[PDB]
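Q: So I pulled this structure from the PDB, and the sequence comes with it:
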Amino acid sequence: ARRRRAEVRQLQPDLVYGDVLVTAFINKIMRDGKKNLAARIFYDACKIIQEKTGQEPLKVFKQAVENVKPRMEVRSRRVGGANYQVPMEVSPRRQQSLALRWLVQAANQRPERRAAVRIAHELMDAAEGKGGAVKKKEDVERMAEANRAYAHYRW
Amino acid sequence: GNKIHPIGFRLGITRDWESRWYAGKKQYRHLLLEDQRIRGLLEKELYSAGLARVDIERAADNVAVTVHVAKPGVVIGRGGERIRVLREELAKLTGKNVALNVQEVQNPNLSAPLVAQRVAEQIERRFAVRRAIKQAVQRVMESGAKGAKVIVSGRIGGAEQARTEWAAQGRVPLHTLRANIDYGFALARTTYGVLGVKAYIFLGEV
Amino acid sequence: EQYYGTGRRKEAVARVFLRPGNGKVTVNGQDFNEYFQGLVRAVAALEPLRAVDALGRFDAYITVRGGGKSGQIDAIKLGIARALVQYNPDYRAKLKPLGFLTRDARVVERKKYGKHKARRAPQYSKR
Amino acid sequence: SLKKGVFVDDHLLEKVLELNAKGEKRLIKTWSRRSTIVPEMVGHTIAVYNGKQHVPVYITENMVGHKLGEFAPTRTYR
Amino acid sequence: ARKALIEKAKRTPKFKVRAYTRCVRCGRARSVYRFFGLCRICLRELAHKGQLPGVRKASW
Amino acid sequence: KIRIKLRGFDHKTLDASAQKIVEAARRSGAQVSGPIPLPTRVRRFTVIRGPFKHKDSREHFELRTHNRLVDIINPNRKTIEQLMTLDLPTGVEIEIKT
Amino acid sequence: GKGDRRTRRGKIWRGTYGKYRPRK
RNA sequence: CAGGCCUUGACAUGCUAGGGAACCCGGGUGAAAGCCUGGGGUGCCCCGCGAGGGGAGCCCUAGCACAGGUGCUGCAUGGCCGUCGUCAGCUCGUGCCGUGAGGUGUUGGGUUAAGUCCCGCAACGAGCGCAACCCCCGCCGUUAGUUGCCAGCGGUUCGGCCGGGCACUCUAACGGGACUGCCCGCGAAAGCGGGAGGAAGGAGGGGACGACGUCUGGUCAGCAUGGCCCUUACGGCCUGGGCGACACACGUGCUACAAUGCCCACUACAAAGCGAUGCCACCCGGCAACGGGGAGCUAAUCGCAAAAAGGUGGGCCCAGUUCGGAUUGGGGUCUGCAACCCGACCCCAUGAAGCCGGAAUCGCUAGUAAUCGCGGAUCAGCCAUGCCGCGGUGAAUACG
RNA sequence: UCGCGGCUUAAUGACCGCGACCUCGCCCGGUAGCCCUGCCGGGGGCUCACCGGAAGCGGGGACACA
Ligand SMILES: [Mg+2]
Ligand SMILES: [Mg+2]
Ligand SMILES: [Mg+2]
Ligand SMILES: [Mg+2]
Ligand SMILES: [Mg+2]
Ligand SMILES: [Mg+2]
Ligand SMILES: [Mg+2]
Ligand SMILES: [Mg+2]
Ligand SMILES: [Mg+2]
Ligand SMILES: [Mg+2]
Ligand SMILES: [Mg+2]
Ligand SMILES: [Mg+2]
Ligand SMILES: [Mg+2]
Ligand SMILES: [Mg+2]
Ligand SMILES: [Mg+2]
Ligand SMILES: [Mg+2]
Ligand SMILES: [Mg+2]
Ligand SMILES: [Mg+2]
Ligand SMILES: [Mg+2]
Ligand SMILES: [Mg+2]
Ligand SMILES: [Mg+2]
Ligand SMILES: [Mg+2]
Ligand SMILES: [Mg+2]
Ligand SMILES: [Mg+2]
Ligand SMILES: [Mg+2]
Ligand SMILES: [Mg+2]
Ligand SMILES: [Mg+2]
Ligand SMILES: [Mg+2]
Ligand SMILES: [Mg+2]
Ligand SMILES: [Mg+2]
Ligand SMILES: [Mg+2]
Ligand SMILES: [Zn+2]
């Protein structure tokens, strides 16, 4: 949008947890209008969580989102001559989107073959610190903060 | 690629269908054939009387062919015999009881299908074109109407480049549904081509 | 007797009849979770009664109709609320922090010529 | 397709049955390509019509359950 | 070739597959409607004039 | 019992042709059911608007057959007197059937 | 998928009926 | 396009005129058209028990004007439309200024979707635009109930099927409702930021709507039409072919490349529709397409009809595979006189390319994208994956 | 509806003053259809839709159920 503020679509609260992070994760899992299969995948994923680790069905996921949550992310700005790749800090209302989208991409590329166990082995390794999603976070926080030299463009 | 037809834009509201009858899929095409052929008889052969519209109805085998004429003196006849022969003509192409009700207009300049025909008669009578336009709008305003606009399309004045001339006095609110802008269109079939006279007459609103 | 309510959403309609009843609900001569059998968002329909916190008093016979499953579920989500509002002054001012009485008339919007799904324009040559 | 008909013509059938009268000539100029090769009535070369001219297909027993229009190919560049 | 074909649409003493319907006011052989019998162009210029009962500009 | 069925196009003449009939069969004897407006039948059809090369951005029209029925419940000769004789629609097909 | 003519969804896409998509 | 043919002709008449006058039945040649050809032979105008004769529709022959042209020209045109663009503009009357073209109004700051409005102003107003009046979709009400629901004793083919009946959902008319309406903050005012109530918010969401005109835009091939050209052919009829060809290139889509996936079974859940020479329920037969009976429907009453995705629990197990379904062979069913060029399906073989795609590029800001089916149109069948609609599930993001 | 003067106008207006009038009856005459005991032909009903002759016309411009 260009004119107005373009306020965000208010989500739903989830059913079994009553949380708002989990519904955005349902949405990022959801492929081609299939939410009844996507949230099904997530609840099988927390079932695999309760099977493997003696933790809450939500705590490992929320801590995975926090431990994949970026702060400094790099955005391109053409400033004449060579388009610089300026770092900037991120609003948490975009950090949540970047975090959940990275979780879904790394979980779908993750070399397990079944739906909810990919997310299981991804949320375990992201809450630990050794997953593909937190690898991508460290990748972008090493693109920025080493690309800090052009940070004087706040735009 | 603009300006949709201001009868059919109104048509649901503020304006009647000019032919109103009914039947389903069985006899709609078959009614429409005779409903077009009656008009092809009339509009070709009643033009001297200057017919505006042919309101065609049928409840059950009672074809009301009520026409709207400025001067019924050559669509009725002296005491009435052209009406008789025209009803025996209307019996020839549909066998039904073709009750032909000629009905005169209340001012023959507030009716756009006859103002546009009058401009077409002027063009085919080789008159001055924009003089005819700025005269026809002025005759409409002296008859008394809220606003007029006579668009006359190309090949105008015997030329080769084909510009479109037009003139207005008053307001012609086309985009307003409640406006009741009557609309008339008439070809002009002179030597230098087809001059397409249009005329909008903004009657009383609402 | 009947704590009746209407309900409709997305061309899925609902006639809810809240009973004075112990603990269950039903739908259209079928069981509730044998109508909505195995939807992860099935029990998002009953979310009025779990938030007017009056769930431990009401049965709900329901004739729900039309649309699809999760459209009928939101029809019920409106229906329970608009039903128990009706015999009540103070089960009313609860849903404005919940949204639970608004038809939410986001309907499947009308397909436009040239496009395919009322917004999806065709692909573009530009060449 | 077409299990309820012999789908042969009222003039090609007459001509091949009249030309099978104890053995006869060979010229039969047809225009109707649609008719089949008349089964158990093979042998006489038929001049089928792809449009430009009449191609004289000599019909054989390996081509019996086909149509006559297969043997008037209608285009160049095979 | 259209004054031939607007009468070839009338006459059929041959096979009954060749009874393609042709338009009534004009002589168009495409988009002729199994309703009215006008083609799409004659349908548009009669529905806008108002010579078809019941027809109306649609918006649903 | 018996129904009379009113098809047609303009509802503004159809309701003034049907509520008249409800009033007439009321005035001509015993009671009769009101106008039951069973759903209209919309024949839609689309038209490429320009004559030649305008396939996108076309127009489409609709054709709304308005059906309305009235259930005559006690058909006396007094009812058929002011009903079957006094038939006045204007463009409305009335048909009387069991 | 759907261009196949010998399955359930491949027959429901073509619309017709068969051994793979029967009539009740 | 090829070939067979017909000539005032498929046609619109109108004239001179021996003839037949309304018209039916074939035979032969033939691919058909066409051409050649034989048997029945007209109420009426009529004077008629008369011979009959003038002579009225229609029809064939010899001619005539002419018909005909999908022949050319959309820079000769109408009509209609796409387009800039649903963009916020384009002007005029009068006054002023300027020798004049032309300003001014329409600038300025504010403001919105907007030339929308207000405050200042040589401007004061007005016209087409915008907005609104129209319709759908939203909520509520009145009327109305051969759709609809158990509230009712209660039958019970034990079924919305009825017996009781319309409560509702609905249907489609008529109404109401939303207007900054309220209140606060800012503001010169317009209005903006927020709140409350409401179903809804600040154009509630979508339609239809598209100004002065441009592109000498497109269409003489939808029609109408000026002009020129063909008039035993550029017209007309038919048979057959082509419009489908293919070395390649492009555009738009469809399916794919899979395990969130695929296959089989079973059970749900829509709106929009459309049907008397049609839709075909329900049987029987055939694995099946379909075939033979035949119910109902003149259709909120019967039918297409299955909904699909979903869900259920069984398979597959990361495999060019139970992914894929292109191809080719075979067996067939329907339509149609006719499926070979070239139809659709059915079945059985076949199982390829393709393992997410170069440089580039497109679509989308809410029921939208995405995915899923359904209907309709034209229509015998159908090229449909297209188009036009309908709903099911239903996102992410918009910092700027 | 048409002549002649003008209103009104640009030809021409819509409008006035007379005139060629008209049709409808108040003025007259005939024809012809039914409502029926099913099939026609002989008495009433009067309807001029149809048409000829009309003193002024009451009127409007060229029309019509019982
Ligand atoms: Mg550089
Ligand atoms: Mg966000
Ligand atoms: Mg000349
Ligand atoms: Mg959709
Ligand atoms: Mg066809
Ligand atoms: Mg497969
Ligand atoms: Mg079933
Ligand atoms: Mg001759
Ligand atoms: Mg030229
Ligand atoms: Mg043009
Ligand atoms: Mg100006
Ligand atoms: Mg001066
Ligand atoms: Mg304005
Ligand atoms: Mg709104
Ligand atoms: Mg050009
Ligand atoms: Mg021309
Ligand atoms: Mg051309
Ligand atoms: Mg034409
Ligand atoms: Mg030809
Ligand atoms: Mg083609
Ligand atoms: Mg594609
Ligand atoms: Mg599949
Ligand atoms: Mg249909
Ligand atoms: Mg059968
Ligand atoms: Mg129906
Ligand atoms: Mg229905
Ligand atoms: Mg095959
Ligand atoms: Mg790709
Ligand atoms: Mg690149
Ligand atoms: Mg469809
Ligand atoms: Mg096609
Ligand atoms: Zn047409």
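A: That came through, no problem. Residues are numbered from 1 along each chain as shown, chains lettered A, B, ... in the order given. Ligands and ions are numbered 1, 2, ... in the order given.
Q: In three-state terms, label the closest residue to chain C within chain A for me.
A: Closest residue of chain A to chain C, Cβ to the nearest Cβ: residue A:39 (4.3 Å). In this view, the C-beta of every residue, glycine as well, is placed from N, C-alpha and C. Three-state assignment for residue A:39 (DSSP: H, G, I helix; E, B strand; the rest coil): helix.
Q: Verify the contact between it and residue C:40 for me.
A: Yes. Residue A:39 lies in contact with residue C:40 (Cβ atoms under 8 Å); the separation is 4.3 Å.
Q: Now do the helices in the chain.
A: Chain wasn't specified; assuming chain A. A:21-29, A:35-52, A:59-68, A:92-109, A:115-128, A:132-143 (DSSP state H).
Q: if you could check chain G rather than the one you did, that'd help
A: With helices called from DSSP H, chain G shows them at G:9-14.
Q: Repeat that for chain F.
A: Using DSSP H, helices in chain F cover F:11-27, F:77-80.
Q: re earlier: got the helices of chain A as a markdown table, with distance to ligand 1 and mean neighbour count columns?
A: Compiled in a markdown table, these are given as follows (distance: least, Cβ to the ion, whole Å; neighbours: other Cβ atoms under 10 Å in any protein chain shown):
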| stretch | distance to ligand 1 | mean neighbour count |
| --- | --- | --- |
| helix A:21-29 | 37 | 21 |
| helix A:35-52 | 45 | 18 |
| helix A:59-68 | 35 | 20 |
| helix A:92-109 | 29 | 18 |
| helix A:115-128 | 39 | 22 |
| helix A:132-143 | 20 | 18 |
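Q: So for residue C:4, which of those sits nearest?
A: helix A:35-52 (29.6 Å; Cβ to Cβ).
Q: Can the closest one be said to contact RNA strand H?
A: Yes. Part of helix A:35-52 sits near RNA strand H under the criterion Cβ under 7 Å from any atom of the strand, namely A:35-38, A:40-41.
Q: Equivalent analysis for stretch C:109-116, please.
A: Yes. Applying Cβ under 7 Å from any atom of the strand, one finds that stretch C:109-116 is in contact with RNA strand H at C:109-116.
Q: Tell me which of the helices of chain A lies nearest to ligand 2.
A: helix A:92-109 (4.0 Å; Cβ to the ion).
Q: Just the residues contacting the closest one, thanks.
A: Helix A:92-109 has contacts (Cβ atoms under 8 Å, 6 or more residues apart in numbering or on different chains) with A:8, A:21, A:24-25, A:28-29, A:64-65, A:68-71, A:73, A:90, A:118-119, A:122-123, A:126, A:131-133, A:135-137.
Q: check contacts around the closest residue to ligand 2 within chain E.
A: Closest residue of chain E to ligand 2, Cβ to the ion: residue E:60 (35.7 Å). For residue E:60, the contacting residues are C:110, F:62, by Cβ under 8 Å, 6+ apart.
Q: Would you map the strands across chain C?
A: C:3-5, C:8-9, C:12-20, C:26-27, C:30-31, C:58-66 (DSSP state E).
Q: Are the second one and chain A in contact anywhere?
A: This means strand C:8-9. No. No part of strand C:8-9 sits close enough to chain A to count as contact by Cβ under 8 Å from any Cβ of the partner chain; the gap is at least 14.1 Å.
Q: Please report the distance of the spatially closest residue to residue D:66 that is not a sequence neighbour from residue D:10.
A: Among residues not flanking residue D:66 along the chain, residue D:37 sits closest, at 5.7 Å (Cβ to Cβ, 6 or more residues apart in numbering or on different chains). Residue D:37 is 17 Å from residue D:10, where distance means Cβ to Cβ, to the nearest Å.
Q: These two: which is more packed in?
A: residue D:37 (22 against 8; other Cβ atoms under 10 Å in any protein chain shown).
Q: In this structure residue A:55 contacts residue A:49, no?
A: Yes. Using Cβ under 8 Å, residue A:55 is in contact with residue A:49, at 6.6 Å.
Q: Pull the number of nearby residues for residue C:38.
A: Neighbour tally, residue C:38, other Cβ under 10 Å: 9.
Q: how close does it sit to residue C:64?
A: Residue C:38 is 17 Å from residue C:64, by Cβ to Cβ.
Q: before we move on, what about residue B:107?
A: Residue B:107 is 61 Å from residue C:64, by Cβ to Cβ.
Q: The two: which has the busier surroundings?
A: Using other Cβ under 10 Å, the more surrounded residue of residue B:107 and residue C:64 is residue C:64, with 24 against 11.
Q: what's across from that one in the sheet?
A: Counting by DSSP bridges, residue C:64 is bridged to residue C:14.
Q: Show the contacting residues for it.
A: C:7, C:12-16, C:27-28, C:35, C:72, C:75-76, C:79.
Q: Nearest residue to the closest residue to ligand 1 within chain G in space, please, no chain neighbours.
A: With Cβ to the ion, the shortest gap between chain G and ligand 1 falls at residue G:1, namely 48.4 Å. Closest residue to residue G:1 apart from its sequence neighbours, by Cβ to Cβ, 6+ apart: residue G:10 at 6.5 Å.
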